[PDB]
Amino acid sequence: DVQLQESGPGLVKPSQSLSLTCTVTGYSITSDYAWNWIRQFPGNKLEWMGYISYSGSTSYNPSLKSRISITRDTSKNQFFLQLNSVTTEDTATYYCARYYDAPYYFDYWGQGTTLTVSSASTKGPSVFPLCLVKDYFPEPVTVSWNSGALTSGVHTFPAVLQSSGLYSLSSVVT
Amino acid sequence: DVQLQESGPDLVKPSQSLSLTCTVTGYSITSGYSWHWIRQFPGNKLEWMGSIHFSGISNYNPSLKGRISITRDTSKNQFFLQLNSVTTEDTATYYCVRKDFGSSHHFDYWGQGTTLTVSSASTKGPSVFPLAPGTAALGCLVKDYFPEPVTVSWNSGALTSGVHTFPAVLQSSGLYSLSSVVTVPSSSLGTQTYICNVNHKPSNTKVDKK
Amino acid sequence: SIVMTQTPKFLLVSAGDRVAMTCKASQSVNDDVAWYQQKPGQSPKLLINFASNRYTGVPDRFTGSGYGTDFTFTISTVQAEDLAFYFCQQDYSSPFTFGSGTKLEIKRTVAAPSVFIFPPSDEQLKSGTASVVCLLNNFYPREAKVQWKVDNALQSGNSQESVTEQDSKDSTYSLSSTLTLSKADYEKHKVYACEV
Amino acid sequence: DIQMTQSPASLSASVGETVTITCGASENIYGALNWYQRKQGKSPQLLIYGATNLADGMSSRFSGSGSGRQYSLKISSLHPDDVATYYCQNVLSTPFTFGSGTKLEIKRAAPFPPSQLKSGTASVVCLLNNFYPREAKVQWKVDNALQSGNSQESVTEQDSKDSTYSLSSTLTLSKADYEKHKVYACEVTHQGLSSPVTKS
Amino acid sequence: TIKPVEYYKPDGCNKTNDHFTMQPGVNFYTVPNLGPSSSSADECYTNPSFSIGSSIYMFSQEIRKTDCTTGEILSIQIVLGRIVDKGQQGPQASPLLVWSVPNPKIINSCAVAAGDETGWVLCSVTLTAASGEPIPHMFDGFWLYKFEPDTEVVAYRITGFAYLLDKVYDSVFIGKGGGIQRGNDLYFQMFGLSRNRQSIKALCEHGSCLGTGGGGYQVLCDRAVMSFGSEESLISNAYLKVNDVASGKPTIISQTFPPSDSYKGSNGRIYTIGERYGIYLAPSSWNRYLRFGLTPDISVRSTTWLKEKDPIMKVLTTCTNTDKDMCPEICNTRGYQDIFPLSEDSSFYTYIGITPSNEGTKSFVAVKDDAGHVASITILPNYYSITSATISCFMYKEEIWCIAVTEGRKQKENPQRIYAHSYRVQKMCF
């Protein structure tokens, strides 16, 4: 069917400019429908961010004022997204949906992509077996067992930010 | 150009089943147009049998009482007819015909047609006889064959002028007798060839007679 | 279904004359009607469609008219090669039907037949049967009496008649009369005579 | 802009029971209201569009109702798979604002040494599996000495198959402090375990 | 043979029994070969445009790959023919020149305009990428094509300064109805996406709805005119005019309707009744009533709207609002059913009424009486379903004869096709 895949950097320095790309396959953007951008804050709070129609008319969120800029590229069938200033508040997860005309749903959302705002440099995880992972900046580290072959008894714990800025979680299997 | 050509058995015993095959050349059956089967009894009365839409659906004349079935073989670009429990009333000539649903709404191309005979007799080959001789005429007398369909020619297609192939008449023996006569110049009697070619295709009997 | 009654069945006219045939339906079919012409030994060919239109390439002699149930087909002037089979077909709704059709034959001058006779072939003698053929080369009309006369003897119930269809060029007729016999009776008689 | 109030923020019920979620709107929207469900770690998914029409490939237990200002969502025959966040969104006109969000809970107990030492640190973990209710009291006794302000507690969400809670308390000390002591106990005192069950 | 229609006038029955009401005939003839057709399966003849001038007529059709509302445009065909009489009961056509517009992948829409022995075609194009790929639903300019009997066509390119439309448009579609030609100018109707930067108070007129006023609280009536619920983009209609049509350098001007007296933009037509003018706008939203406007000239300010309901659109609709009180809602109709006036105030007119059946559709032909009555005749009882209609009357043999062009499917399993018919309007008084 139609599927949307987001792609871009995970960390952004404050006051800088981020870039996101939502590549659509199985449909063409210029054909019809509007292609929006929604973000969910760490406090489980969602907020619409804008959209770009097929004809080229772009609507934005009044609260986000002139800090947003939506573009598109018909050849690649992709529509980008740009934010001007980026404070610590902008740390959230970003999705790209498609706005159906009627009955008015955003059916077809992306897989999502976590975005973090901080000046600290990234740091690779140091795994230790029992598996424990610590010291890693800034990521939603993904863990798999036996090449994903073992899916029973999986228990992936939330990450807990160490005082050293070294977010660490525990992953166990029975 | 689109060219329809029927083929199948021409002598069927009572109560048996009949299987016709219409082959189409120069235009895919699936592309468009409908395709129908229409039979013409003796007396020239006409009757529609059924069709098969280009998508695959099939339609049948209600009067056939569901003894008919139309199918298609797209690989060979053909469409067939199946009739069960035939009788002597089903003796006629059968055509496979294309139909247009666009600007014309008419049966455009028709096949040559095939003759079908329903009887309990057995095929019998022909037996040509010479009707040896400015108006002298030369002919050939075919006799004692079954079924009726038979052809006759002259000079391997030449000497077409003046030929009068009379209609057929069944005798009390249950066979058919024809007499084709072509008038020729008297002066040319002793100089020209007069090979009359007969072909009873039901019995596959090619008969070249001088 | 929709019934189409077509009249009259036979039309005989002279060259140049105009003819009219009527095709009537059992229920209103608006103007979904067509007229086909079938030459002897030839597939039918559309001649008029929509009950008034003239198909591309059809000469101007043919004309059609009618709406509702009563339809008519007319020819301004009949030519030599216009003898054929004409029938009306409706396209209102399935199943498609046809009229009973009409047969057209051309009148012409009186022409005298040419008579020929044919003795049986030798191989026909070897087979065991005797056949005698009397021919009529070109004449009109079909009305023509023929009788066999062996050694001054009239026959009955031992001969057959075959008539060729009207010629498309000169509109003449040909007649063939056959006389079957046994080898005993044929060898039992010497004189044979066929009069028309 | 347009504002909607979503309540209650969280709810609890047992299997096979019926619950209702309510979402009010600041002004009439004529039914152009959607509902979505966001399972953990996944992007939301359309459940109801138009406040009355069900979606494709979804259970028949979800039902939509409401017109004008106030709208509600109902869940019948609660199943273990129904553990996620349910949102209400307005699609009548821009800007498209969401609700506060609602978290469902299914009500229904029975609840390693450091490897890393060369690196200069010691981490001790005391796992809890199947513990229930979400409440707990983890006490770390180093040589029978309680420790406070050093253990972090990471808790996963309720499980979709069983309704189980997993927990992992992590105690991190320097390599000298770890080597100083010998006995390392962990207490799991809580609702289910009245006794101070302890593995050391 | 034929002349521009001169309206019936009451030349009798003006004593006491004075119901001068006209009615349709009783026969519905055919007009074969109005335009070339085919019999292939993967084709849909979808968008017709028909117009009749003094003696000639212009006809244009659209051919699509597999879908009728969408799909690649195979080609667009234009036929210039003359209405003649060949001795048959009704009028007949005779094509003189068939034409296919070059590069049919760049066209947005097309329409025709028949004058006096002169035919016109105006097509809106879309922006082309660097490779020439047509960026769909964009706007770049116009093409104007000139047609004369026994004369090669002439093409005019309109771009840049040549067109100054009131507001800034991004996608423009020319109404399929067509236009007229008066003096040395032309008059079409176009709709598209117009960026609005003011307050929107859209037109909201509906019956006695009691739900919440039936959505009559004007939030939904404003919602309907907006593109994707955005105030910054609207769908609006506008008059179109071409200047110095004879000169080889035409120029384009427009006039956009205010949203306060309009509904969502749609297809429409331009009439030339009497010395006045006219305009018909097809339904495209909750409102499915007739929308006709009679104007002393060609100006938004001077346009006056009719107050009649029939033909109430009932096919190709997604709405669910009773036609007793059309209650504002949200939907998208995609039909087309125009009305040809038969008077000076357009108190007489004729239309084609389509009503959907359990399967297919059931249609009729009717002529509206100034007194409010109608005279209806059932037509095409064989066809499975027809969708649209278009009427263009004329004087032929001291009588008013009208040609109705429709599209649909005679057989359920056949693709969509276009069929043409003609009938007679006869005047009488009780």
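Residues numbered from 1 in each chain as written, not as in the entry; some residues may be left out. Chains lettered and ligands numbered in written order. Heavy atoms only, no water.

cryo-EM is the method the PDB entry states for this structure, with the resolution given as 2.92 Å.

### Description of the overall build of chain D
Stated precisely, the cut-off is as follows: To qualify as a helix, a DSSP run of H or I must reach at least 4 residues; to qualify as a strand, a run of E must reach at least 2; elements of each kind are numbered from the N terminus. Throughout, the radius of gyration refers to the C-alpha atoms, and the reference size of a globule is 2.2 Å times the residue count to the power 0.38. The cut-offs for exposure are 20% and 50% of the maximum accessible area for each residue type, with area from a 1.4 Å probe on protein chains only; residues under the lower value are buried, those over the upper are exposed, and the others partly exposed. Residue burial considers only the protein chains on display, and all accessible areas are found by Shrake-Rupley using a 1.4 Å probe. Here the positive residues are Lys and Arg and the negative ones are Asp and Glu; neither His nor the chain ends is included. Every charge is mapped to an atom, namely NZ of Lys, CZ of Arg, CG of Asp or CD of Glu.
The number of helices and strands found in chain D is one helix and 17 strands. Scaling as 2.2 N^0.38, a compact globule of 200 residues should have a C-alpha radius of gyration of about 16 Å, whereas chain D reaches 23 Å, well beyond that. Principal-axis analysis of the C-alpha atoms places the extent of chain D at approximately 70 × 35 × 30 Å. Counting all 200 residues of chain D, 46% fall into the buried class. Per element, the accessible surface of chain D, about 9500 Å² overall, is 52% carbon and sulfur. Taken as two groups, the 18 positive and 16 negative side-chain charges of chain D have centres that lie 4 Å from each other.

### Re the sheet that holds strand 3 (residues 19-25) of chain D
Residue and element names in this part refer to chain D. The cut-off we apply is this: DSSP calls a pair of strands paired once it identifies at least 2 bridges connecting them. Note on definitions: angles span 0 to 180 degrees between N-to-C directions of axes, and those axes are lines fitted to C-alpha atoms, for helices only across the stretch in contact.
Taken in spatial order, the four strands make up an open sheet running 1-3-8-7, and their pairing is antiparallel. The outermost strands of the open sheet, each flanked by one partner alone, are strand 1 (4-7) and strand 7 (62-67). The mean angle between the axes of side-by-side strands here comes to 15 degrees, regardless of whether they run parallel or antiparallel. Summarising the sheet, strand 3 and strand 8 (residues 70-75) pair through six bridges and their orientation is antiparallel. Its bridge partner being in strand 8, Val 19 is matched across the sheet by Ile 75.

### Some words on the domain arrangement of chain D
Residue and element names in this part refer to chain D. Inclusion rule: Domain borders in the structure are assigned automatically or taken from a domain database. In what follows, residue pairs with any heavy atoms lying within 4.5 Å of each other are defined as contacts. Here the buried area means the combined drop in accessible surface, using a 1.4 Å probe, for two parts upon being joined, counting both sides.
When its domains are assigned, chain D resolves into domain 1 (4-107) and domain 2 (121-199). Using only C-alpha atoms to locate each centre, domain 1 and domain 2 end up separated by 36 Å. Domain 1 puts seven residues into the contact, and the matching count from domain 2 is nine residues. Together, the buried faces of domain 1 and domain 2 total about 600 Å²; carbon and sulfur atoms form 40% of this surface.

### Considering the state of the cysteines
Residue and element names in this part refer to chain D. Let me state the cut-off plainly: Disulfides are defined as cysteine sulfur pairs within 2.5 Å.
For the coordinates displayed, the defined rule picks out 14 disulfides over all chains. Across a sulfur-sulfur distance of 2.0 Å, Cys 23 and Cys 88 are joined as a disulfide pair. Torsion about the S-S bond of the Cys 23 and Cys 88 cystine: about 70 degrees, corresponding to right-handed handedness. Of the two residues, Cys 23 is situated in strand 3 and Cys 88 in strand 9 (residues 85-90); the sequence distance between them amounts to 65 residues.

### Concerning the interface of chain E and chain B
Test applied: Salt bridges, as used here, are contacts in which a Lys or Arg side-chain nitrogen is within 4 Å of a carboxyl oxygen on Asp or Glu. Polar contacts here mean pairs of N or O atoms no more than 3.5 Å apart (in protein, one a potential hydrogen donor and the other a potential acceptor; neighbouring residues in sequence count only if both atoms are side-chain atoms). Residues are grouped as follows: nonpolar covers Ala, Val, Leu, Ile, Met, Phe, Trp, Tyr, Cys and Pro; charged covers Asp, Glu, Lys and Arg; every other residue, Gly included, is treated as polar.
Contacts between chain E and chain B engage nine residues on the former and ten residues on the latter. Taken together, the two surfaces of chain E and chain B that pack against each other cover about 850 Å², and 57% of this comes from carbon and sulfur. Together, E:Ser39, E:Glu413 and E:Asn414 form the three largest contributors to the area buried by chain E at its contact with chain B, with a combined 53%. Linking chain E with chain B are zero salt bridges, by the criterion used here. Taken together, the connections running from chain E to chain B amount to three residue pairs in polar contact. Taken together, the residues that form the side of chain E that touches chain B break down as two nonpolar, five polar and two charged.

### A look at the interface of chain D and chain A
For an interface, size is often stated in terms of accessible area lost upon the parts coming together. With 33 residues of chain D in contact, the opposing surface of chain A contributes 34 residues. When chain D packs against chain A, close to 2900 Å² is buried across both sides, 67% of that on carbon and sulfur atoms. Its largest share of buried area at the contact with chain A, chain D owes to D:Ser43, D:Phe96 and D:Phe98, together 18% of the area lost on that side. Applying the counting rule to chain D against chain A returns zero salt bridges. Ranked by the residues each element gives to the side of chain D that touches chain A, the list is headed by strand 11 (residues 121-131) of chain D, at four residues. Looking at the side of chain D that touches chain A residue by residue, the classes come out as 15 nonpolar, 16 polar and two charged.

### Here we look at the nonpolar core
Condition: Residues enter a nonpolar core if they are buried and are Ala, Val, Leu, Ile, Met, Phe, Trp, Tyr or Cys, with the set joined through side-chain atoms within 4.5 Å.
E:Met22, E:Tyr57, E:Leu342, E:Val405 and E:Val425 are the most contacted members of the largest nonpolar core, which has 60 residues in total. Considering every element that reaches this core, the biggest residue donor is strand 28 (residues 385-396) of chain E, with seven residues. Beyond its immediate stretch of four places on either side in the chain, E:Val405 contacts E:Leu34, E:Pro48, E:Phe50, E:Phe59, E:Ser388, E:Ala389, E:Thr390, E:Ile418, E:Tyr419 and E:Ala420. Listed in part, the 46 residues of the second largest apolar core include A:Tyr51, A:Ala97, D:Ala13 and E:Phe228.

### Describing the domain arrangement of chain A
Splitting chain A by domain gives domain 1 (3-117) and domain 2 (120-174). Placing the centre of domain 1 of chain A and that of domain 2 of chain A at their C-alpha centroids yields a distance of 28 Å.

### A short note on the packing of aromatic side chains
For clarity, the threshold we go by: Centre distance within 6.5 Å is the pairing criterion for rings of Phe, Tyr and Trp, where only the six-membered ring of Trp is used; planes under 30 degrees apart are then read as stacked, over 60 as edge-to-face, and the remainder as tilted. Placement of a charge over a ring requires the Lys NZ or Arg CZ to be within 6 Å of the ring centre, with the centre-to-atom vector within 35 degrees of the ring normal.
Following the criterion strictly, the structure yields 64 aromatic pairs over all chains and no others. Among the aromatic residues, those joined into a ring-pair cluster are A:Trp48, A:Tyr51, A:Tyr54, A:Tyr99, A:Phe106, A:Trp109, D:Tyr36, D:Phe96 and E:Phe228. Sitting over the face of the ring of A:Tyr33, A:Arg98 holds its NZ or CZ atom 4.3 Å from the ring centroid. Its end group placed over the ring of B:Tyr33, B:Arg98 keeps NZ or CZ at 3.7 Å from the ring centre.

### Here's the deal with the sheet that holds strand 17 (residues 198-199) of chain D
Strand order in the open sheet formed by four strands is 13-12-16-17 (chain D), with antiparallel pairing between adjacent strands. The sheet terminates laterally at strand 13 (146-147) and strand 17 of chain D, the two strands that pair on one side only.

### Side note on unusual backbone geometry
A cis geometry characterises the amide bond from D:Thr94 onward to D:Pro95, with omega recorded as -5 degrees. A cis amide bond links E:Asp310 to the next residue, E:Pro311, at an omega of 0 degrees. As for its placement among the helices and strands, E:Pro311 is situated in the loop between strand 23 (304-305) and strand 24 (340-341). Despite not being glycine, A:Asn146 shows a phi value in the positive range, around 50 degrees. In this fold, A:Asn146 is placed in the loop between strand 13 (132-134) and strand 14 (155-156). Here A:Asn146 falls in the partly exposed class, since its relative accessible area comes to 47%. Positioned with a positive phi, D:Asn144 is a non-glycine residue whose angle comes to about 65 degrees. When you line up the elements, D:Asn144 lands in the loop between strand 12 (139-142) and strand 13.

### Observations concerning the pairing of strand 12 of chain D
Residues and elements named next belong to chain D. Across the two faces of strand 12 the burial is the same, with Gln 139 and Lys 141 and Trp 140 and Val 142 all buried. Pairing of strand 12 with strand 16 (residues 184-187) involves four bridges; the strand directions are antiparallel. Paired with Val 142 across the bridge in strand 16 is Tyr 184. With antiparallel pairing between neighbouring strands as the criterion, strand 12 and strand 13 make up a hairpin whose turn holds three residues, including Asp 143 at a positive phi of roughly 55 degrees.

### A word on the arrangement of the chains
Here six pairs of chains make contact, and the pair sharing the most contacts is chains A and D. Without any contact between them, chain C and chain D keep their closest C-alpha atoms 41 Å apart.

### Some details on the pairing of strand 1 (residues 3-7) of chain B
Residue and element names in this part refer to chain B. Because side chains alternate across strand 1, one face comprises the buried residues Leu 4 and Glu 6, and the other comprises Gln 3, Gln 5 and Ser 7, none of which is buried. Taken together, the five bridges between strand 1 and strand 3 (residues 17-25) define a ladder with antiparallel strand orientation. Note on strand 3: the bridge partner recorded for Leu 4 is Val 24.

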